[PDB]
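Text of upload-v1.csv, listed as CSV, C-alpha atoms:
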chain,number,residue,atom,x,y,z
O,1,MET,CA,37.8,3.2,1.9
O,2,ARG,CA,36.3,2.5,5.4
O,3,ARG,CA,32.6,1.7,5.2
O,4,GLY,CA,30.4,1.2,8.3
O,5,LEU,CA,27.3,-0.7,9.0
O,6,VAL,CA,24.9,-0.1,11.9
O,7,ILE,CA,22.0,-2.6,12.3
O,8,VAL,CA,19.1,-1.0,14.0
O,9,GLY,CA,16.6,-3.2,15.6
O,10,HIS,CA,13.4,-3.1,17.6
O,11,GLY,CA,14.5,-5.3,20.6
O,12,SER,CA,12.2,-7.2,22.8
O,13,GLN,CA,11.5,-8.1,26.4
O,14,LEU,CA,12.6,-11.6,25.6
O,15,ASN,CA,16.4,-12.1,24.9
O,16,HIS,CA,16.1,-13.9,21.5
O,17,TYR,CA,15.8,-10.5,19.7
O,18,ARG,CA,19.2,-9.1,20.8
O,19,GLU,CA,20.7,-12.5,20.3
O,20,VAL,CA,19.5,-12.5,16.6
O,21,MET,CA,21.1,-9.0,16.1
O,22,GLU,CA,24.3,-10.2,17.4
O,23,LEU,CA,24.2,-13.2,15.1
O,24,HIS,CA,23.9,-10.9,12.0
O,25,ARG,CA,26.6,-8.6,13.4
O,26,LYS,CA,29.0,-11.4,13.8
O,27,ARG,CA,28.2,-13.0,10.4
O,28,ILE,CA,28.6,-9.6,8.7
O,29,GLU,CA,31.8,-8.5,10.6
O,30,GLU,CA,33.6,-11.9,9.9
O,31,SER,CA,32.7,-11.6,6.1
O,32,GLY,CA,34.7,-8.4,5.8
O,33,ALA,CA,32.2,-6.6,3.6
O,34,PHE,CA,32.3,-3.6,5.9
O,35,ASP,CA,35.2,-2.3,8.1
O,36,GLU,CA,33.0,-1.9,11.1
O,37,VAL,CA,29.7,-3.4,12.2
O,38,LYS,CA,27.6,-2.3,15.2
O,39,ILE,CA,24.0,-2.7,16.4
O,40,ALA,CA,21.6,-0.1,17.8
O,41,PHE,CA,17.9,0.1,18.7
O,42,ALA,CA,15.0,2.3,17.7
O,43,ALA,CA,12.2,1.6,20.2
O,44,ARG,CA,11.4,1.9,23.9
O,45,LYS,CA,14.5,3.8,24.7
O,46,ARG,CA,16.7,0.7,24.1
O,47,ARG,CA,20.5,1.1,24.1
O,48,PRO,CA,22.7,1.6,22.2
O,49,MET,CA,20.7,4.2,20.3
O,50,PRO,CA,21.9,4.8,16.7
O,51,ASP,CA,23.9,8.0,17.6
O,52,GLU,CA,26.0,6.0,20.2
O,53,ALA,CA,27.0,3.3,17.6
O,54,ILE,CA,27.9,6.0,15.0
O,55,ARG,CA,30.0,8.1,17.5
O,56,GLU,CA,32.1,5.1,18.2
O,57,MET,CA,32.8,4.3,14.6
O,58,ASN,CA,35.7,5.9,12.6
O,59,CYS,CA,34.3,5.5,9.0
O,60,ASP,CA,34.1,7.6,5.8
O,61,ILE,CA,30.6,6.4,5.2
O,62,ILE,CA,28.2,4.6,7.6
O,63,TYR,CA,25.0,2.7,6.4
O,64,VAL,CA,22.2,2.3,8.9
O,65,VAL,CA,19.9,-0.6,8.1
O,66,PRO,CA,16.5,-0.8,9.7
O,67,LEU,CA,15.9,-4.4,10.7
O,68,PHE,CA,12.2,-3.9,10.3
O,69,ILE,CA,9.7,-5.2,7.8
O,70,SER,CA,7.9,-2.0,6.8
O,71,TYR,CA,7.8,1.8,6.6
O,72,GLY,CA,5.9,2.1,9.8
O,73,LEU,CA,6.1,4.4,12.8
O,74,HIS,CA,9.5,3.0,14.0
O,75,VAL,CA,11.1,3.4,10.5
O,76,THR,CA,9.5,6.7,9.3
O,77,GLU,CA,9.5,8.5,12.7
O,78,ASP,CA,11.4,6.9,15.6
O,79,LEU,CA,14.6,6.1,13.7
O,80,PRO,CA,15.0,9.4,11.8
O,81,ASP,CA,14.1,11.4,15.0
O,82,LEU,CA,16.8,9.5,16.8
O,83,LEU,CA,19.4,10.7,14.2
O,84,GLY,CA,17.9,14.1,13.5
O,85,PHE,CA,17.2,13.0,10.0
O,86,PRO,CA,14.0,13.7,7.8
O,87,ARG,CA,10.8,11.7,8.5
O,88,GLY,CA,8.8,9.6,6.1
O,89,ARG,CA,9.9,6.9,3.6
O,90,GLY,CA,12.9,6.4,1.3
O,91,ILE,CA,16.7,6.2,1.7
O,92,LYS,CA,18.1,9.2,3.5
O,93,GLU,CA,21.7,10.5,2.9
O,94,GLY,CA,22.8,12.9,5.7
O,95,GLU,CA,25.7,14.1,7.9
O,96,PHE,CA,26.1,13.4,11.5
O,97,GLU,CA,28.7,15.1,13.5
O,98,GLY,CA,30.5,15.5,10.2
O,99,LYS,CA,30.4,11.9,9.2
O,100,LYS,CA,28.4,10.8,6.1
O,101,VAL,CA,25.4,8.6,7.2
O,102,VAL,CA,22.8,7.0,4.9
O,103,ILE,CA,19.7,5.4,6.4
O,104,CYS,CA,18.7,2.5,4.0
O,105,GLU,CA,15.3,1.1,3.3
O,106,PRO,CA,13.7,-1.4,5.6
O,107,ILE,CA,14.3,-5.1,4.6
O,108,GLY,CA,10.7,-6.0,4.2
O,109,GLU,CA,10.2,-5.8,0.5
O,110,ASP,CA,13.4,-7.7,-0.4
O,111,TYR,CA,13.3,-11.0,-2.3
O,112,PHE,CA,15.6,-12.4,0.4
O,113,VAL,CA,12.8,-12.0,2.9
O,114,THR,CA,10.3,-13.8,0.5
O,115,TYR,CA,13.0,-16.6,0.6
O,116,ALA,CA,13.3,-16.5,4.3
O,117,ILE,CA,9.6,-17.1,4.5
O,118,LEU,CA,9.9,-20.1,2.1
O,119,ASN,CA,12.9,-21.3,4.0
O,120,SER,CA,11.0,-21.3,7.3
O,121,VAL,CA,9.2,-24.2,5.7
O,122,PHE,CA,12.0,-25.8,3.7
O,123,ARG,CA,14.8,-25.5,6.3
O,124,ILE,CA,17.6,-25.6,3.7
O,125,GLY,CA,20.8,-24.9,5.6
X,1,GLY,CA,2.1,-35.2,-3.3
X,2,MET,CA,0.1,-33.7,-0.4
X,3,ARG,CA,-2.1,-30.5,-0.5
X,4,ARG,CA,0.2,-27.9,1.3
X,5,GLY,CA,-0.7,-24.4,2.5
X,6,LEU,CA,1.1,-21.3,3.8
X,7,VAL,CA,-0.2,-18.6,6.1
X,8,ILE,CA,2.3,-15.7,6.6
X,9,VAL,CA,1.7,-14.0,10.0
X,10,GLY,CA,2.8,-10.5,10.4
X,11,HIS,CA,2.7,-7.6,13.0
X,12,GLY,CA,0.9,-4.9,10.9
X,13,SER,CA,1.1,-1.1,11.2
X,14,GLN,CA,-1.1,2.0,11.6
X,15,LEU,CA,0.7,3.0,8.3
X,16,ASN,CA,-0.1,1.2,5.0
X,17,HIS,CA,3.3,-0.2,3.9
X,18,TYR,CA,3.2,-3.4,6.2
X,19,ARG,CA,0.0,-4.7,4.6
X,20,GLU,CA,1.4,-4.1,1.1
X,21,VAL,CA,4.7,-6.0,2.1
X,22,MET,CA,2.6,-8.9,3.4
X,23,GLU,CA,0.5,-8.8,0.1
X,24,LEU,CA,3.7,-8.7,-2.0
X,25,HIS,CA,5.2,-11.8,-0.2
X,26,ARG,CA,1.8,-13.6,-0.6
X,27,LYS,CA,1.6,-12.8,-4.3
X,28,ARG,CA,5.3,-13.8,-5.0
X,29,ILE,CA,4.8,-17.2,-3.3
X,30,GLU,CA,1.3,-17.8,-4.9
X,31,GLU,CA,2.8,-17.3,-8.4
X,32,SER,CA,5.8,-19.4,-7.7
X,33,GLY,CA,3.6,-22.5,-7.4
X,34,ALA,CA,5.5,-23.8,-4.3
X,35,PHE,CA,2.3,-24.1,-2.2
X,36,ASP,CA,-1.3,-25.1,-3.1
X,37,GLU,CA,-2.5,-22.1,-1.1
X,38,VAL,CA,-1.1,-18.9,0.5
X,39,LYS,CA,-2.9,-16.5,2.9
X,40,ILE,CA,-1.9,-13.6,5.1
X,41,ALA,CA,-2.8,-13.0,8.8
X,42,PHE,CA,-1.9,-10.7,11.7
X,43,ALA,CA,-1.0,-11.3,15.3
X,44,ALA,CA,-1.1,-7.9,17.0
X,45,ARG,CA,-3.6,-5.3,18.2
X,46,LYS,CA,-6.7,-7.2,17.1
X,47,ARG,CA,-5.6,-6.9,13.4
X,48,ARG,CA,-7.4,-8.9,10.7
X,49,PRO,CA,-7.4,-11.4,9.3
X,50,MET,CA,-6.5,-13.4,12.3
X,51,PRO,CA,-4.7,-16.8,11.9
X,52,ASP,CA,-7.7,-18.8,12.8
X,53,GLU,CA,-9.8,-17.2,9.9
X,54,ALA,CA,-7.0,-17.6,7.3
X,55,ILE,CA,-6.6,-21.3,8.2
X,56,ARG,CA,-10.5,-21.9,8.1
X,57,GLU,CA,-10.5,-20.4,4.6
X,58,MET,CA,-7.9,-23.1,3.5
X,59,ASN,CA,-8.5,-26.4,1.8
X,60,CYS,CA,-5.2,-28.1,2.8
X,61,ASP,CA,-3.7,-31.3,4.5
X,62,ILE,CA,-0.9,-29.4,6.2
X,63,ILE,CA,-0.8,-25.7,6.8
X,64,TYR,CA,2.6,-24.1,7.7
X,65,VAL,CA,2.1,-20.9,9.6
X,66,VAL,CA,5.3,-18.7,9.2
X,67,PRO,CA,6.0,-15.9,11.6
X,68,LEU,CA,7.2,-12.7,9.7
X,69,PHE,CA,9.1,-11.5,12.8
X,70,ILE,CA,12.8,-11.2,13.7
X,71,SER,CA,12.6,-13.1,17.0
X,72,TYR,CA,10.8,-15.3,19.4
X,73,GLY,CA,9.3,-12.3,21.2
X,74,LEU,CA,5.9,-11.7,22.9
X,75,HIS,CA,4.1,-11.7,19.5
X,76,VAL,CA,5.6,-15.0,18.5
X,77,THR,CA,5.5,-16.8,21.8
X,78,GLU,CA,2.2,-15.3,23.2
X,79,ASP,CA,-0.1,-13.7,20.6
X,80,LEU,CA,0.3,-16.1,17.8
X,81,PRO,CA,-0.1,-19.3,19.8
X,82,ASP,CA,-3.0,-17.8,21.9
X,83,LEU,CA,-4.8,-17.0,18.6
X,84,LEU,CA,-4.5,-20.5,17.6
X,85,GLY,CA,-5.3,-22.2,21.0
X,86,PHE,CA,-1.7,-23.6,21.0
X,87,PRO,CA,0.5,-23.5,24.2
X,88,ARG,CA,2.9,-20.5,24.6
X,89,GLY,CA,6.7,-20.5,24.4
X,90,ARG,CA,9.6,-21.0,22.1
X,91,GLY,CA,10.2,-23.4,19.3
X,92,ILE,CA,8.2,-25.0,16.4
X,93,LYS,CA,4.7,-26.2,17.3
X,94,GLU,CA,2.7,-28.9,15.4
X,95,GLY,CA,-0.8,-30.0,16.1
X,96,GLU,CA,-4.2,-29.6,14.7
X,97,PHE,CA,-6.6,-26.7,14.5
X,98,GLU,CA,-10.2,-27.7,14.0
X,99,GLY,CA,-9.2,-30.9,12.2
X,100,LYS,CA,-6.4,-29.6,9.9
X,101,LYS,CA,-2.7,-30.2,10.6
X,102,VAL,CA,-1.0,-26.8,11.4
X,103,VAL,CA,2.8,-26.3,11.9
X,104,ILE,CA,3.8,-23.0,13.5
X,105,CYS,CA,7.3,-22.6,12.0
X,106,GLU,CA,10.3,-20.6,13.3
X,107,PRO,CA,10.3,-16.8,12.8
X,108,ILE,CA,12.6,-15.7,10.0
X,109,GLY,CA,15.0,-13.8,12.1
X,110,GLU,CA,18.0,-16.1,12.3
X,111,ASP,CA,17.8,-17.2,8.7
X,112,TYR,CA,20.9,-16.5,6.5
X,113,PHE,CA,18.4,-14.9,4.1
X,114,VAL,CA,17.9,-12.1,6.7
X,115,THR,CA,21.7,-11.5,7.0
X,116,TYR,CA,21.7,-11.2,3.1
X,117,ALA,CA,18.6,-8.9,3.2
X,118,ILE,CA,20.5,-6.7,5.5
X,119,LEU,CA,23.5,-6.7,3.1
X,120,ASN,CA,21.1,-5.9,0.2
X,121,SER,CA,19.5,-2.8,1.9
X,122,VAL,CA,23.0,-1.4,1.4
X,123,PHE,CA,24.0,-3.1,-1.9
X,124,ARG,CA,20.5,-2.8,-3.5
X,125,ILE,CA,20.9,-5.6,-6.1
X,126,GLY,CA,17.5,-6.1,-7.6
Translate the structure described by the file into structure tokens.
Amino acid sequence: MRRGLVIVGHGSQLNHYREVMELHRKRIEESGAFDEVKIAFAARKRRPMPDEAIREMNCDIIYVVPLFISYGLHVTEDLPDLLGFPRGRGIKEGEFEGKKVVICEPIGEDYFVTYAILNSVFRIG
Amino acid sequence: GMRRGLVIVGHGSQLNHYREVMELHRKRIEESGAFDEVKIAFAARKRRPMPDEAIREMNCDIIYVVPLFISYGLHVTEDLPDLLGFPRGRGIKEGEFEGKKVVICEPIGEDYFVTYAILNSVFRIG
């Protein structure tokens, strides 16, 4: 099957943020775990918006991952509104111009982010 | 072996889930034993505790201040160093704050652990 990923970020006035999104895009695309990998933004009218990434992708299922720490306003309101998806917390399985689309949970709670905190001190790799 | 502390510095939210995420990271690292002390603080919209207050509560040689942020944005390059009286800009920053050694570390954004966290929002292992 063809499985898609869209990474949805906040963006920033400073360039580093977009550059970080492109870094994960490239790392994940070159791994081959998904057939298609794109980035999108969910704040400040930043482009691409999630709908623009999704419309370009020809996949049987597309996962949208919020690159955000918590269930806040951007994740529970801005992102769902942008997709026409339900507001609030939790994973959301939906259809979007006849494609299957699942918004995932924010990364914040993951043990890998605990480890990223540790590794900001330990600098392993 | 030196007395090492960690201050995790976050953005916060008008909703509750950010504070609980911060608390969960603090609690995980406290129980792991990796550091002598772990505290949380905030670097947006006058949120509390601020980094200066977390540090003043700490009994350590060195304190590593870790930005819980994706990038070197306005919060990382302006708010966080202003709240510490450190100069603005990119990069790691090491100095002293009222007599204790403080290292502002890099934000977590570029870590391979963030790439894997992205993968695990999909794969949901653990």
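For the choices X:70, X:39, X:55, X:25, the atom-to-atom distance to residue 11 in chain X is smallest for X:70 when using only C-alpha atoms.
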Selection: 7 Å around residue 113 in chain O, only C-alpha atoms, excl. self and same-chain fewer than 6 positions, as a tab-separated table (two decimals) with C-alpha atoms, in the frame of the given file:
chain	number	residue	atom	x	y	z
X	113	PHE	CA	18.40	-14.90	4.10
X	114	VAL	CA	17.90	-12.10	6.70
X	117	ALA	CA	18.60	-8.90	3.20
field: Interface list for chain O, partner chain X, 6 Å threshold, all atoms listed in the file, as a ChimeraX atom specification
entry: /O:14,16-17,20,24,70-72,104-105,107,109,112,114,116
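Reported to one decimal place, the separation of CA of residue 31 in chain O from CA of residue 118 in chain O is 24.7 Å.
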- request: Find the residues around residue 92 in chain O up to 10 Å (all atoms listed in the file counted), leave out those fewer than 4 positions away in its own chain, and share them as a list in words.
  value: residues 63, 64, 80, 85, 86, 87, 88, 101, 102, 103, 104 and 105 of chain O
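Distance check against residue 77 in chain O using all atoms listed in the file: of O:43, O:56, O:97, O:110, the minimum falls on O:43.
Coordinates place CA of residue 47 in chain O at a distance of 24.8 Å from CA of residue 33 in chain O.
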field: Interatomic distance (Å, one decimal) between CA of residue 96 in chain O and CA of residue 8 in chain O
entry: 16.2 Å
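Across X:33, X:87, X:92, X:7, the tightest approach to residue 51 in chain X is made by X:7 when counting all atoms listed in the file.
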query: For residue 10 in chain O, which residue among O:26, O:38, O:55, O:74 is the nearest when counting all atoms listed in the file?
result: O:74
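Comparing X:100, X:37, X:61, X:43 by their smallest distance to residue 81 in chain X, the closest is X:43 (using all atoms listed in the file).
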